[PDB]
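Hydrogens, waters and symmetry mates are skipped; everything else that's a heavy atom, side chains included, is used. First listed ligand is number 1; within each ligand, the first listed atom is number 1. Order of the sequence lines sets the chain letters (A, B, ...), proteins ahead of strands, with each chain counted from 1.
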Amino acid sequence: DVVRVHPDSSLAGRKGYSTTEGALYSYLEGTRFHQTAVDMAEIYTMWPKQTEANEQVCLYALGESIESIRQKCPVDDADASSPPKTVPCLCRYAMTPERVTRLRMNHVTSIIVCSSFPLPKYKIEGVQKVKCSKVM
Amino acid sequence: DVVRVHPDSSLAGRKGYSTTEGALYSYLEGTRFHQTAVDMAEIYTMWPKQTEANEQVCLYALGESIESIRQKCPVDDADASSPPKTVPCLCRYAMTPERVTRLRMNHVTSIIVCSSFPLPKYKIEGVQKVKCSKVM
Amino acid sequence: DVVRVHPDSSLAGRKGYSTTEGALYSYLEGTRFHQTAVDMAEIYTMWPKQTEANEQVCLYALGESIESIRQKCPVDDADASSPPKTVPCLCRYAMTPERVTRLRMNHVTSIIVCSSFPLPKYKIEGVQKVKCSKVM
Amino acid sequence: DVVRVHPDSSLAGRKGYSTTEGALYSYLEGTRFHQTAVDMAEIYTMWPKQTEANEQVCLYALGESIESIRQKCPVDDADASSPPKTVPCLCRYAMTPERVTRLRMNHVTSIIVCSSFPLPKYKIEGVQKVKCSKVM
Amino acid sequence: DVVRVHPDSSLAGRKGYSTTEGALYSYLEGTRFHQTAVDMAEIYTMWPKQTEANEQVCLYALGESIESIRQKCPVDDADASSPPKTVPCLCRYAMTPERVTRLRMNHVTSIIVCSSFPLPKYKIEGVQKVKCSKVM
Ligand SMILES: [Zn+2]
Ligand SMILES: [Zn+2]
Ligand SMILES: [Zn+2]
Ligand SMILES: [Zn+2]
Ligand SMILES: [Zn+2]
């Protein structure tokens, strides 16, 4: 089974990956992004609601350690993580595990996040919310 | 049994916690606020009357150590602590154990306390008393 | 619930605020005026009678510190503060928390106060009393 | 005969142990807790009154050796020990021999005890008393 | 037996203490004020006359050490100390051991004493004599 990835993904045109078809959720096994993916997946379990989970994912992309994310969870409940979306949207600001990995590698102090990545209505330091040019 | 939590609680929409129904008193086992909860519970035993107990709780929220709170008790009598109210009121200034934990983490130098949290009629440093918008 | 604001308010046409309907009392949470609002609320408790409370509010708008206002209170009794009126009147001189915030930021040495803001019959430095063009 | 154990006991769902029925008193022979059990039982003979015996049990849970507990007994009278309660109460703070074994292994510096474990009305270092959520 | 305390005492509404009935004399065992109490009691034995003993008690309240108080005693006779009055009077200036403890902790440079605390007719530095509003 092929894993569908973003058109701007570095996995595009590779064996097991495609842009137009494939699985929309994956831990990206066999790649480096795998680690980021599972970390992101765990975040999505730590915060059940998408808004605060996406806030934690944004903080993760800004370089904050996954361990501090773990301590920030109000409860100690630990459930199995679902694979994160490989194509949450189709614009250049898609918060894929690949993009999060790249942002962490570049150690960016500010990120631009589209509207397909729902965030808290209050300000987040280092995050600028923009309109999603085209969606999934 | 589900534990009733504040609508603004980070435990809302989680297993074992609910906003519309549940237990109104809890030590919040399984969370970090648990520690704060039991500390607040101990305070409510050290000062039997709610007014100066709430004053000591407010001082606890302002960062004062619980050891000094134990020191300030006139007597050395120690009785079992009842669980603190998880929903003392329904406004944004509810002095829940979660809110006290958040204020202690932020190391705030001033807090705003609603009228559902009865306080001494004299001034308390770092505490501003406002009307409770909506009560339990 | 929507908070009713002045037609000339900077919060007009915003989420949670309206000109034609809403709550007439608020601490204006989520805005900067919030701080001014609660300060005004505290003033309205320090002086039970409306006229000298409005005198203290006028002195507050003229840049005088809230701390000095606390010392000027004859007694040390501290009761919970009720939310101040967001629309005391409909003219351009309405002494809303937003207007007081604007006057304090501009550091004005003189203000114009309408008749809907009752003041003591004696002169107040930096305050000019005019008729309220239209009332609530 | 079956020995009734706590719902959170590690002996739950095992041969010879049950959660809903069985003997309420046991030395827990065949398990490791056995040793701790008899120690607590011996404590209950050294101090006839439950309050000071429970204080000594709490100190034993904090890591204090049983030899010092024997030394602290005012008299040298040695009577046969009755088996300790396997389920003193149904909450998570039940002072079972299994819980005491776990606390001693973890070398905890502080314990939380419910109200079903009566203690001296004065403070005990490393022990915090809370209400028992549900009893026998 | 219950120990009667001042209506404004921090021991009011506690086990073993009452406002309307109880023992009028106590060393206040189980409280911190106990220490102050016995010190005050010792003073009352050093100076048999009430006015000069109350002068020494006032000096003790102003922060002067008990060792110097012992030094200033004209004789070296040491007699057993009777428990001090827990309720010398019913006004807010009662010279209870609790009030003396509070004054010593506050390190006040001036105190106000009622007429139910007889003093020498000459001036005492840092002590202001007022009429006792209501007596025992
Ligand atoms: Zn997008
Ligand atoms: Zn409230
Ligand atoms: Zn007007
Ligand atoms: Zn229990
Ligand atoms: Zn008096």
Side-chain angles (χ1 to χ4, degrees), chain A residues 6-9 24 50 54 57-58 61 85-96 98-100 111-119 127-136, chain B residues 27 29 38 41 80-83, chain D residues 6-9 24 50 54 57-58 61 85-96 98-100 111-119 127-136, chain E residues 6-9 24 50 54 57-58 61 85-96 98-100 111-119 127-136:
Chain A
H6 200 258
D8 294 356
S9 180
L24 292 162
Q50 202 67 11
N54 287 350
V57 167
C58 281
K85 294 181 176 67
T86 58
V87 190
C89 63
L90 277 296
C91 65
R92 61 182 291 160
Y93 317 96
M95 284 292 289
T96 75
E98 194 181 309
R99 165 145 196 254
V100 176
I111 62 172
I112 294 174
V113 161
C114 79
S115 64
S116 283
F117 199 57
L119 287 174
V127 176
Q128 196 168 5
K129 296 183 290 294
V130 302
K131 187 269 183 181
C132 181
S133 60
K134 85 198 298 303
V135 304
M136 186 66 204
Chain B
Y27 301 96
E29 293 83 3
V38 301
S81 69
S82 180
Chain D
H6 198 256
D8 297 327
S9 180
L24 300 148
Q50 210 51 30
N54 288 352
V57 166
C58 283
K85 292 177 71 68
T86 61
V87 189
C89 63
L90 277 296
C91 65
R92 64 201 272 141
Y93 310 109
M95 278 303 249
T96 70
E98 165 165 354
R99 163 143 195 253
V100 174
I111 62 171
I112 292 173
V113 298
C114 74
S115 64
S116 284
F117 200 57
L119 287 177
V127 176
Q128 184 177 2
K129 296 183 290 294
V130 304
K131 188 180 78 69
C132 182
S133 58
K134 68 189 299 294
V135 304
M136 185 64 73
Chain E
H6 197 253
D8 309 330
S9 181
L24 288 176
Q50 194 64 21
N54 286 350
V57 164
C58 282
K85 292 181 181 179
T86 61
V87 188
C89 65
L90 289 185
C91 65
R92 64 193 272 141
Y93 301 105
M95 294 299 291
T96 71
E98 173 170 345
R99 164 141 193 256
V100 176
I111 62 170
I112 294 171
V113 297
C114 74
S115 64
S116 284
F117 202 59
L119 289 176
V127 174
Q128 207 161 351
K129 315 184 207 181
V130 304
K131 171 180 170 117
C132 183
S133 66
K134 68 192 298 292
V135 308
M136 186 66 204

List for me each residue that meets side-chain contact (heavy atoms from CB on, under 4.5 Å) alongside [X], sequence neighbours excluded, and say none if there are none.
X	value
A:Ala94	A:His6, A:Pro88, A:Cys89, A:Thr96
E:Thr86	E:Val3, E:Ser26, E:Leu28
E:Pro7	E:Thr19, E:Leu90

Checklist line | Closest heavy-atom pair and its distance - B:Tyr27, D:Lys131 | finding: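 Taking every non-hydrogen atom into account, OH-N, 2.8 Å.
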Notebook entry, point to check: Tell me, which protein N/O/S atoms are under 2.8 Å away from the Zn ion (ligand 4)?
Noted result: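 D:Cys89 SG, D:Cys91 SG, D:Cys114 SG, D:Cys132 SG, with waters left out.
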Check: Between the side chains of A:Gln128 and A:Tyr93, is a donor N or O closer than 3.5 angstrom to an acceptor N or O?
Finding: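 The answer is no; no qualifying pair exists.
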Notebook entry, point to check: Are the side chain of D:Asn54 and the backbone N or O of D:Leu119 linked by a donor-acceptor pair below 3.5 Å?
Noted result: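 It does not hold such a pair.
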